[PDB]
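**Q** Part one of the assembly, not moved from where it sits:
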Amino acid sequence: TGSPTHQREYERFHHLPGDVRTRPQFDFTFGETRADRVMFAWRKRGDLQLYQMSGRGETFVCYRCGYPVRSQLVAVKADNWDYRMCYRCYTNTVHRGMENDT
Amino acid sequence: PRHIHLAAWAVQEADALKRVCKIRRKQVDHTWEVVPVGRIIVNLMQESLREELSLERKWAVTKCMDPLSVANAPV
Amino acid sequence: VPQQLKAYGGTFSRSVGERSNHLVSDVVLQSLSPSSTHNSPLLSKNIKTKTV
Amino acid sequence: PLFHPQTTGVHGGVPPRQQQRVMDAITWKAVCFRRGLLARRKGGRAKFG
Amino acid sequence: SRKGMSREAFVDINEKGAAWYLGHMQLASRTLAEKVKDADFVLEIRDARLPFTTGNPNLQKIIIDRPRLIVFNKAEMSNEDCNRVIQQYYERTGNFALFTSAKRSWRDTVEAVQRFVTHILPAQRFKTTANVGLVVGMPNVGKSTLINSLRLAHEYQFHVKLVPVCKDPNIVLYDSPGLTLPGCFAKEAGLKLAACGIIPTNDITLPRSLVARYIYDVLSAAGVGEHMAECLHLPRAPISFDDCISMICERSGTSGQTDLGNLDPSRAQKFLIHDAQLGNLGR
């Protein structure tokens, strides 16, 4: 709904519940542009960590739902990017308390 | 090789006055070391290699620079 | 030469309500999947499964 | 999705209009190729050779 | 030529197609023994020039009971005295030996196999059954050619790998595609095989220079320099391998390349311009 000077990118997904409504712990925008394009990273909610990228969307497959998901929010398990997880199942896992048991 | 290296170092020290640089401290060739001293050059070898390559014989037998020597067919 | 673009060469079945719409009831069974049960006039209303 | 599943056995599940364009292009190419082949087989000229 | 690894030392032809068997014959020893056990007789095909090098050591080490017939091809190329002594050795042994030239290995080998089956091979309990012979040999020697010829004959008649020979006495042959291939070999064995022509020479792995040098060395050791010179037609007996190469180039022509002249001794050796052999044995 505005330029970054008025609305930070992580605030775009403010209609969804979960950690996305909390300010990310790490910002990688001012320094440089990371190859993967991840611009924000949230505090590890267990072995899972949430990242947001400045791209139209990376079509990955989450190992919980199993569906291909196209979004900027990606949850990775124990820093292993080979196992991505979409924000819906990330939020459900955090709510159920299965952060370290998926 | 140790004797060769020691002799080369001694020659370089004797030339120390006008010497500009030293020889390598790690002997590349363990049977032949050459110390260049301006127009003079000293070659220290072992007996086997000296007999193999007879530079002394070649340079003693080679004829002087005759200007007419260039008046021959090409090769 | 005849045609060089196809989406599905084969033909589908005329049946709509079930796999065996044409067959008579006394020759084929009726699918008990919930999708068929939903339209079924008997299997949708009441079904008892709890046991003593 | 298919065009008309009830008539897939007739039109390959593709709109005839799209099929019409595809066949127009392919028939143009095939006619050019056939003319070239006739010229080659008859001596560079179809009617004359 | 340019390519290093020789294919003929690894490749054969099974029913499905070409295959690259790897390892040494000792690995297959067990499978070969089982094949021979389930077969009725054995037909071994070897090269007379280097018989003990062409043969499969595991076969002779493991199975001696089953009747076996050995066919030494290129007998005319091979030396006569060695052929006779090894023939006597095999006759003393329970096996049989047969030395064959080109046409002999072509058809007389099948004729002799039929004679062997009729004479010595016992009679089967039934009649519709067939006497089975396991064929063991390097495909380049001629085993592959024989198998292919039988396959073509059977296919034309109709129009595991078992190929029939004749309707009576119902002889069939089992194929052993990759049980006796050279694979990796010693330097001396490779030189011998290259000289015999069974392994093509390469500019990298085993050069023609080394092959011809080995041939010249063995001839000089035999002490046949004058006869070699006479066979090659060069004027005087050579004193060194380089001298022989130079003489060959001079004989061939003024513009005789060293490699061109070095290629000729190998062709002559393969074509029997000199009669010799490469192989040892025991009594």
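**A** Looks like it arrived, so ask away. Numbering: from 1, shown residues only, chains lettered A, B, ... in the order given.

**Q** Can you tell me which residue of chain A sits closest to chain D?
**A** Residue nearest to chain D within chain A (C-beta to the nearest C-beta): residue A:68, separated by 19.5 Å. (C-beta placed from N, C-alpha, C; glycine too.)

**Q** Tell me how many other residues crowd that residue.
**A** By other C-beta atoms under 10 Å in any protein chain shown, 10 other residues sit near residue A:68.

**Q** Now find how far off-centre the longest helix along chain B is within its chain.
**A** Determined from DSSP state H, the single longest helix within chain B is helix B:2-14. Here helix B:2-14 is found 13 Å from its chain centre; the criterion is C-alpha atoms, centre = their mean, to the nearest Å.

**Q** repeat for stretch B:54-64
**A** 13 Å.

**Q** which other residues reach the longest helix of chain B?
**A** Helix B:2-14 is contacted by residues B:19, B:22-23, B:27, B:30-33, B:35, B:37, B:42, B:44-46 when judged by C-beta atoms under 8 Å, 6 or more residues apart in numbering or on different chains.

**Q** With stretch E:178-196 instead?
**A** With C-beta under 8 Å, 6+ apart, stretch E:178-196 has contacts from E:9-10, E:12, E:14, E:19, E:21-25, E:28, E:31-32, E:35, E:47, E:49-50, E:53, E:55-56, E:59, E:136-139, E:199-201, E:206, E:210-211, E:214-215, E:266, E:269-270, E:278-279.

**Q** which of those are buried?
**A** Among the contacts of stretch E:178-196, those classed as buried by 16 or more other C-beta atoms under 10 Å in any protein chain shown are E:9-10, E:12, E:21, E:25, E:28, E:32, E:35, E:47, E:49-50, E:53, E:55-56, E:59, E:136-139, E:199-201, E:206, E:211, E:214-215, E:266, E:269-270, E:278-279.

**Q** please slot chain F in as well:
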Amino acid sequence: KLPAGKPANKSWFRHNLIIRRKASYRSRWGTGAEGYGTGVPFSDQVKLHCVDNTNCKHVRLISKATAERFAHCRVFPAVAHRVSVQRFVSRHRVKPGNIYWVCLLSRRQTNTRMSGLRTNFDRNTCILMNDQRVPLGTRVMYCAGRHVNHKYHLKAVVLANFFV
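**A** With chain F added, the chains above now look like this:
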């Protein structure tokens, strides 16, 4: 294609190995007769003469770039190609497959010094060298160049009688 998703050129290593000059109007490989820095280093498969007592007579280069301008900052491996023969020891025991280093002694191409001198030798000349930068031959049968006066060619300087 590699890497998948962003294919690159498979000639990355040979790019480091070879020195290439962008053929543009401001950058070109001269004929070697205009001034210093003009010319072109030899390619891999160039065949050149080896002048020494060694049995070898022709040598095929292996370095993707060989020239006098940088004969001291680079190693020129090469393979004997057409070896001679005798009619009768290490020097005479070369083989047409062995690989040795080489030391440039001359180039058939026009070579220009920084002093304005231009030279055109008649033969591409080299000499066999062991991995320890010691020549295999006992002596030389050709004239070296100014580049051969570097300390990286000390034994070559000692053996070669005449320079240019």
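
**Q** thinking again about what came up before, toward the C-terminus, what is the element adjacent to the longest helix of chain B?
**A** strand B:32-37 (DSSP states H and E).

**Q** Each with direction, which strands does that next one pair with?
**A** strand B:40-45 (antiparallel) (DSSP bridges).

**Q** Go ahead and confirm residue E:133 touches residue E:176.
**A** No - applying C-beta atoms under 8 Å, one finds residue E:133 not in contact with residue E:176, separated by 10.8 Å.

**Q** where's whichever residue of the stretch 1-150 of chain E sits closest to chain C relative to residue E:161, distance?
**A** Nearest residue of the stretch 1-150 of chain E to chain C, counting by C-beta to the nearest C-beta: residue E:16, 33.0 Å away. Residue E:16 is 10 Å from residue E:161, where distance means C-beta to C-beta, to the nearest Å.

**Q** State the number of residues packed around the residue lying closest to residue A:53 once chain neighbours are set aside.
**A** In space, and not counting its chain neighbours, residue A:53 is closest to residue A:37: 4.3 Å by C-beta to C-beta, 6 or more residues apart in numbering or on different chains. Residues contacting residue A:37 under the criterion other C-beta under 10 Å number 14.

**Q** how close does residue A:37 get to chain C?
**A** 37 Å (C-beta to the nearest C-beta, to the nearest Å).

**Q** Likewise for residue E:204?
**A** 51 Å.

**Q** List of residues touching the helix or strand harbouring residue A:50?
**A** Residue A:50 belongs to strand A:48-53 when assigned by DSSP H and E. Strand A:48-53 has contacts (C-beta under 8 Å, 6+ apart) with A:9-10, A:13, A:19-20, A:24, A:36-43, A:72-77, A:79, A:85, A:87, A:90, A:93-94, A:99, A:102.

**Q** Put this one in as chain G:
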Amino acid sequence: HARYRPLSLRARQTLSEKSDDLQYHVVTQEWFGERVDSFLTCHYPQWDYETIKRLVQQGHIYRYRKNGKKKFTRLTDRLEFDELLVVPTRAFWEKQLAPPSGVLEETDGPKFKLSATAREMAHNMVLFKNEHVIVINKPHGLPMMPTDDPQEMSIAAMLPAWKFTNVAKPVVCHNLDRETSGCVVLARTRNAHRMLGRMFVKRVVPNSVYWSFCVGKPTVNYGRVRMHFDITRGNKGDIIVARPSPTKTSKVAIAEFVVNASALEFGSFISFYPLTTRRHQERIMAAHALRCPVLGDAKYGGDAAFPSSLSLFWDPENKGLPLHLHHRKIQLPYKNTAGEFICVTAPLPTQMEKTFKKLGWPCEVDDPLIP
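**A** Chain G added:
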């Protein structure tokens, strides 16, 4: 353990229903709303939550709601009143053909002492290390697993050396030949091992490279190699039949070879990017498919891998020449501060470094084909 047969889904279900070694925990008023995972944790203190989740998610533990069918439930699903929860028993796991999940069993083994010199060697060997994975430069001659001779050194034996501040030693994720050196990967934790095991199965996108020095030069600079292997047992060793076409019992082996730089028709430097894992795929493909054996491979290029061409550098009669094959630039899922994946490289061994130096080619260079 033995006596475990491969079972189809129907066979597993039939065995589970027929077996009488099941315990039915009733859900009373007190455990009505309690979650399945908490209920199992309270009722089986000896078991671990890993075992609980594995059993529940693989169906070995289920619940019966009096419905005439056995419901398979998630770990987060609540229980219900007057319903049974069916859990197997040690008898169920042992006295039948159904194998258990690889955790519930109480198998254990002894340990082995390591010398200080060996520990220092392992520490020097280690290249990369993080909280999850280690990458180490396995040498040339050392093996990975125990050899046919029990009294021999092995990476498996040295594994406890690099158990840095962890209760349990790491686990090798993949294995290398006894003659090939280079990067080898160890998972610190069991979860890390399970996650990283999906990398080393057959893949279509290469993630690692093999730098090799091959005698001869292939006819083409870059290409693909595909060979189907039919590995079978022999007398002492194993026979490896390679064919171009597929077969019922064969396994494919695929690689992408790029000739980085070839001296001449005599020797060449190649990089292999494998898309599949087989016994000796790189060596076999170089020897036969490319017809250019590795410079130190005597098992396939016997008497041809040791050429007279490099007599000046390596003695052709020294058959102990180390294999000129080196695993390099293994790409890991874990990223770095710059956002790019971690590509762990291993320095070239002594022999390959010497050969490159003598040929004048640089050794330390980044391989762009593996980002």
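
**Q** since we added chain G, can you redo the contacts of helix B:2-14?
**A** With C-beta under 8 Å, 6+ apart, helix B:2-14 has contacts from B:19, B:22-23, B:27, B:30-33, B:35, B:37, B:42, B:44-46.

**Q** Share the number of residues neighbouring the closest residue to chain G within chain B, please.
**A** Ranked by C-beta to the nearest C-beta, the top residue of chain B for proximity to chain G is residue B:28, at 14.7 Å. By the criterion of other C-beta under 10 Å, residue B:28 has 13 neighbours.

**Q** Now do the same contact list for it.
**A** F:132-134.

**Q** now with 7 Å?
**A** Contact partners of residue B:28, counting by C-beta atoms under 7 Å, 6 or more residues apart in numbering or on different chains, are F:132-133.

**Q** got the angle for the longest helix of chain B vs strand B:32-37?
**A** Between the axes of helix B:2-14 and strand B:32-37, defined by axes from the mean of the first three to the mean of the last three C-alpha atoms, to 10 degrees, the angle is 10 degrees.

**Q** Tell me, how many residues neighbour the closest residue to chain E within chain C?
**A** Per C-beta to the nearest C-beta, the residue of chain C with the smallest distance to chain E is residue C:9, at 33.0 Å. Using other C-beta under 10 Å, residue C:9 has 10 other residues around it.

**Q** That one falls within a strand, correct?
**A** No - looking at residue C:9 with DSSP: H, G, I helix; E, B strand; the rest coil, it is coil, so not inside a strand.

**Q** Just the strands from chain E, written as ranges.
**A** E:11-13, E:18-20, E:41-47, E:68-73, E:96-100, E:131-137, E:162-166, E:171-175 (DSSP state E).

**Q** and the third one, what does it pack onto?
**A** Secondary structure elements in contact with strand E:41-47, counted by 3 or more C-beta pairs under 7 Å, 6 or more residues apart in numbering or on different chains; DSSP states H and E, are strand E:68-73, strand E:131-137.
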